[PDB]
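Now for the letters of each chain:
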Amino acid sequence: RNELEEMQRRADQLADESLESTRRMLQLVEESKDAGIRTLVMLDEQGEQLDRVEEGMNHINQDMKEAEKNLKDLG
Amino acid sequence: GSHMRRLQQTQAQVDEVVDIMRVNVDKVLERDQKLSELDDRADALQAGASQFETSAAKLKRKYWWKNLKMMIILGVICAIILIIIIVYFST
Amino acid sequence: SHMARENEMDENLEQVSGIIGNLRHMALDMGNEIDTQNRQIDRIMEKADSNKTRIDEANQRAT
Amino acid sequence: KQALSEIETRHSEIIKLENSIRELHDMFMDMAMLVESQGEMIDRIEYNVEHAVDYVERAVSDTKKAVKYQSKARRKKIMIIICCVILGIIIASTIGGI
């Protein structure tokens, strides 16, 4: 048996690349998870900054209306 | 056998994910255009504001002095009537 | 051994299928929030243009 | 022979999944990039706003002090204009009495 021996070496050869890729995949996911969590924690912090920013435009548009009167009392 | 089922569904799952993440990228791009443009007004309103802060800063000064004037010109006039008075109290 | 090898990769592959259940979720939650923010940004600009026209209107009222 | 065509079709897809997972890996790193990269672009829109908000905060407070001294000048000006007509009839009486 020499032809029946070079066929179970490639059979246990595809279990080394399927076992090696089951590890290379496992890591590609966790890093996609982690590199995802951070993407989220940021959308929150950004999410808050955009909220102060909106208050600003209403705070502003409110104070502009205040001056649109003190410009009026003066011709 | 029962591992050729994992492949069927574990794949479509990823398909679903990347299919979604595809439309997600198209949103992060509208974010770019809507943001980079808002930033052009973040400046153009820090400049419309700090140029009206100049007009306003001065509109205070100029205003202010006309109150000093009219308390200097009420000082001389309150003194001229005072002397125009020492002269009809005297002869 | 090829009985603890096929028992391992069919075990650490259990996780592979699992986390992509997470990714699927994260995918959406992230996806919606964005459309909320984009809608918001769209809003802020319409309010900004009413503010750069009320500043320029009043800043040409200084001369 | 039959269990060698099943490892050939199972392996055949484990790479069809690994090559697909990398694509999704990149989709998540291509996301922590564009978002965080735009993170520098937001702080400038916050910085610029918190200053532009503050510029208006002062710029209006001055418009107030800048209407106070008017009534205060106007007074102090017509109080003069009072003691002006006052001086003109105090000197038009050294002409109506030689």
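- Per the deposited record, determination of this structure is attributed to X-ray crystallography, with the resolution reported as 4.800 Å.

- The PDB entry annotates chain C as Synaptosomal-associated protein 25 of Rattus norvegicus.

- Going by the annotation in the PDB entry, the name recorded for chain B is Vesicle-associated membrane protein 2, with Rattus norvegicus given as the source organism.
- In the Sequence similarities part of its UniProt record, chain B is described as follows: "Belongs to the synaptobrevin family."

**As for the UniProt feature "transmembrane region" in chain B**
So, point 1. As annotated in UniProt, the feature "transmembrane region" corresponds to residues 70-89 of chain B in the numbering used here.
So, point 2. Annotated as 65% helix and 0% strand, the span residues 70-89 of chain B places its first and last C-alpha atoms 28 Å apart.

**Observations regarding the interface of chain D and chain C**
So, point 1. Chain D puts six residues into the contact, and the matching count from chain C is seven residues.
So, point 2. Here chain D meets chain C over a buried area of about 480 Å², counting both sides, of which 91% is carbon and sulfur.
So, point 3. The tally of links from chain D across to chain C stands at zero salt bridges.
So, point 4. Inspection of the region where chain D meets chain C yields zero residue pairs in polar contact.
So, point 5. Broken down by element, the side of chain D that touches chain C gets its largest block of residues, five residues, from helix α1 (residues 7-29) of chain D.

**What to know about the state of the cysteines**
So, point 1. Applying the stated rule across the entire model yields zero disulfides over all chains.
So, point 2. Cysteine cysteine 78 of chain B is unpaired, with the sulfur of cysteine 83 of chain D as its nearest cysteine sulfur at 4.8 Å.
So, point 3. When its relative accessible area of 40% is taken as the criterion, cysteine 78 of chain B is described as partly exposed.

**A look at the packing of aromatic side chains**
So, point 1. Counted according to the given criterion, the structure contains one aromatic pair over all chains.
So, point 2. Between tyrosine 63 of chain B and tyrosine 69 of chain D, the aromatic rings sit 5.5 Å apart at their centres with planes inclined by 65°, giving edge-to-face as the arrangement. Taken together, the positions of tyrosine 63 of chain B in helix α2 (residues 47-72) and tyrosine 69 of chain D in helix α2 (residues 31-88) put the pair across two chains. Accessibility classification places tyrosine 63 of chain B together with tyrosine 69 of chain D in one group, the buried group.

**Some thoughts on the pattern of salt bridges**
So, point 1. Scanning the entire structure with this criterion turns up 20 salt bridges over all chains.
So, point 2. Between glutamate 50 of chain D and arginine 52 of chain A there is a salt bridge whose closest N-O contact spans 3.6 Å. With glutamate 50 of chain D in helix α2 and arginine 52 of chain A in helix α1 (residues 14-70), this residue pair bridges two chains.
So, point 3. By relative accessible area, which is 43% here, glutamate 50 of chain D ends up partly exposed.
So, point 4. Here the salt bridges do not stand alone but share partners, grouping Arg24 of chain A together with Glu18 and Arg22 of chain D into one network.

**Digging into empty space enclosed by the protein**
So, point 1. Enumeration according to the criterion identifies five cavities of 30 Å³ or more in this entry.
So, point 2. One number sums up the size of the largest cavity: a volume of about 160 Å³.
So, point 3. Lining the largest cavity are 16 residues, and of these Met64 and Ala67 of chain A, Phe52 of chain B together with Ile55 and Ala58 of chain C sit closest to its centre.
So, point 4. Within the residue set of the lining of the largest cavity, elements represented by two or more residues are α1 of chain A, α2 of chain B, α3 (52-59) of chain C together with α2 of chain D.

**Focus on helix α3 (residues 77-86) of chain B**
Owing to its 3.6 residues per turn, the α-helix aligns residues three or four sequence positions apart on the same side.
So, point 1. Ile77, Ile81 and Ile84 of chain B are the residues of α3 of chain B that are buried. Angular distribution of buried residues about the axis of α3 of chain B spans 60°; they occupy a single face of the element. The outward face of α3 of chain B, more than 90 degrees from its buried face, is lined by the exposed residues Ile83 and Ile86 of chain B.
So, point 2. Buried residues along α3 of chain B sit against α2 of chain D.

Definitions and limits used
- Residues numbered from 1 in each chain as written, not as in the entry; some residues may be left out.
- Chains lettered and ligands numbered in written order.
- Heavy atoms only, no water.
- UniProt positions renumbered as here; feature names shortened; annotations may be inferred.
- Helix = DSSP H or I, 4+ residues; strand = E, 2+ residues; numbered from the N terminus.
- Contact = heavy atoms within 4.5 Å.
- Buried area = accessible area lost by both parts, 1.4 Å probe.
- Salt bridge = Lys/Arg side-chain N within 4 Å of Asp/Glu carboxyl O.
- Polar contact = N/O pair within 3.5 Å; in protein donor to acceptor, adjacent residues only side chain to side chain.
- Disulfide = S-S within 2.5 Å.
- Buried < 20%, exposed > 50% of the residue type's maximum accessible area, 1.4 Å probe, protein only.
- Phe/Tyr/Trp six-rings, centres within 6.5 Å; stacked < 30°, edge-to-face > 60°.
- 1 Å grid on protein atoms, 1.4 Å probe; cavity = no way out; pocket = protein on both sides within 12 Å on 5 of 7 lines; lining within 4 Å.
- Points joined across faces, edges and corners; volume = space filled by probe spheres on them.
- Arc of directions from axis to C-beta.

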